[PDB]
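First structure 1, then structure 2: two forms of the same chain, each alone, as structure tokens.
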Structure 1
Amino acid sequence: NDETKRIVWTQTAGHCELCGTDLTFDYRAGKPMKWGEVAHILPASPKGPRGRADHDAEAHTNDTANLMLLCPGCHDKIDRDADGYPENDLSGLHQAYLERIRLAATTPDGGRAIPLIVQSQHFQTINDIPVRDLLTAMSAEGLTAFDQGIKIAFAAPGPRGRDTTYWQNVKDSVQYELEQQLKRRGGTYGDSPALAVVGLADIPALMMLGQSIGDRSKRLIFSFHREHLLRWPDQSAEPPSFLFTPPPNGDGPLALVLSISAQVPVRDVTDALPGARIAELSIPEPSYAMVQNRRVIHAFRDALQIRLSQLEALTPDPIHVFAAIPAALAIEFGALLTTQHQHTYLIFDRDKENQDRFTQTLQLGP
């Protein structure tokens, strides 16, 4: 009936459940118009597409679970290739679509924030965080934005690897490009904008990023995850214990090893920094997947805050960092150095141009 059709239009918000197009407006010529169709998953005729002689059309005809709002072209397609769009497939997509709309309508407003994606090109594969997945994880926490945000992609390493020019580009990406793009947004978000930031880039560059947004109010760190993408793996998980080994007595450069994503072999630290006094922060079971929720990041921040103070009093010389940590925790490491820790930190990193030996990269200081 006309009432059920109006309900199909309402609960779908007038978009095609299969492609997402807005069926309430014509953006080419600018006229509000209803150009959608209410499609039947199960046909009245059991000889039609997805027709089953063992089906009660007396009930499903008005069941909002048998009725999808589809643009004209998607309806043509599901009805002309029933083998390719079986009932089970379409009913699944149908309920999932309605759920996301309900969840969006019932999410309490949490405020505004600037989406910020920072990604490098130093991997030997594509490295691309989808903007949509960051905006979706923000929206699940009530956060919205006026624009799709800032997305900074570092220049790729040249023929000499990650050389001086490369690390200069990184500095210009963090300290100049990001600043300019944030300044261009002042008139819109104001002078107290929250930063919804996710990063997947060189560890030293994420630390530098963190230090340059560390004095920013309302910093929400998100995380790219190999299984869950921008979704938090498990909101109910407990942070691990961040085990700490203080460094041994003596002179020699003080090295801070962080074994969070993996166990950093001591033999690689002393190879690069002979005579190193190794202090180590680790978790019981190092793992790439350990960033289960933001409380894990806060817990890492809390544990590191205390150890950096201890180490900064155990030496007058720079602290040499050898880190195997997730990206989100590299940002947070850097954020601790913005005003709370003014000691000098020299960041070593794996060097593909040197058989995976650690070599010095950026220096982070006051």
Structure 2
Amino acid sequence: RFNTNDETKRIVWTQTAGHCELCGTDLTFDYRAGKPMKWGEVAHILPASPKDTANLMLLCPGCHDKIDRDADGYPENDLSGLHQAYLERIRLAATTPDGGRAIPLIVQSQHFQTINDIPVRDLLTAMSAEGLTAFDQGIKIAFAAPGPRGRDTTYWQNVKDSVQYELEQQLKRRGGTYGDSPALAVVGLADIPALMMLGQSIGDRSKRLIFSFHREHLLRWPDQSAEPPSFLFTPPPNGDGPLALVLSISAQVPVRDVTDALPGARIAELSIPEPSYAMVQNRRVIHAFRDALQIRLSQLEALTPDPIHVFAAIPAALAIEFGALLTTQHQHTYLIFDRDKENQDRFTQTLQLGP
């Protein structure tokens, strides 16, 4: 055998997480089975190379005899390559909480910042529950109020440059074990058009987790277990009319309201069986919505080079993912219609994406 002190044993036992390094057997199995843990009988510590605690291995008796066949406490072959690889896999898992370094971001409309102001703590506790760890004050920004020219292209561009400014400064704050940028923990509560621009700013090609505000559960997921709802599709009819995509997710949009604001519209509908305002039970719902949506958008874009007119009844989190989805190099024109308080809540064009 190989002589070792108690500290050296406790170091080896700890760095290896109590598993044999060659076969992976959990050497703490006896304690788990209610038996006394004989640390010295259930495992042998020896050097990883023939002949520091960093070069000592933890082996089950069965594997020790296999690699130390002369019973001289030293391996016959140089097992340092496998040994270091083992410790590295353990180190990576043990440090995994480092990957939770995240940036809180709460984007609200001035209306909701005065009605349902989201406190940063509500997002931080929801983040903490999922292993997302903030390290500084969260970003809390409100969409600027539109001026005389309304929410023209300049307005929407300044909103994008503002959000991208705020997130780019914090994303520079790299850390962890590999210098990665922190994750973005983002929640939005604003009109659908503004939340789409929030998605346009953040994209979907970075470690970012969308959170959803709920009247009762706050930003905690009402049911991480719920199965995402089916996203059913109704294809558009034959014709030359303007192509309209109706999203009936939060509520069933009356197709009559869509053709009233867009006469002759060719209506394509993406819905869930029973629309409900709280249908965002967990983040997997948001992902499922994206997948189903992009599949249909590819089908609709193939049906026309003309703009796709969107009439959406979707929760806030889905409005963001929608916007984020449309951040590829490819860009098709989408004309976002929203119920306009200035026109009796009738659908009117609010935002144009892409060319």
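In this text, rigid core is short for the largest set of C-alphas that superpose within 1.5 Å between two forms. Counting starts at 1 and follows the sequence of structure 1.
Of the residues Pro284, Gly84, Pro265, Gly275, exactly one exceeds or equals a 2 Å C-alpha shift between the two structures once the rigid core is aligned, and that residue is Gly84.
Superposed on the core, the two forms differ at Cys74: its CA moves 2 Å or more between the two structures. In the core-superposed comparison between the two structures, the C-alpha atom of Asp349 has shifted by less than 2 angstroms. Core-superposed comparison between the two structures: the CA of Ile297 stays below a 2 Å shift.
For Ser192, the Cα shift between the two structures is 2.8 Å when the rigid core is held fixed in the overlay.
Core superposition places the C-alpha of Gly149 1.4 Å apart between the two structures. Core superposition places the C-alpha of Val321 0.5 Å apart between the two structures.
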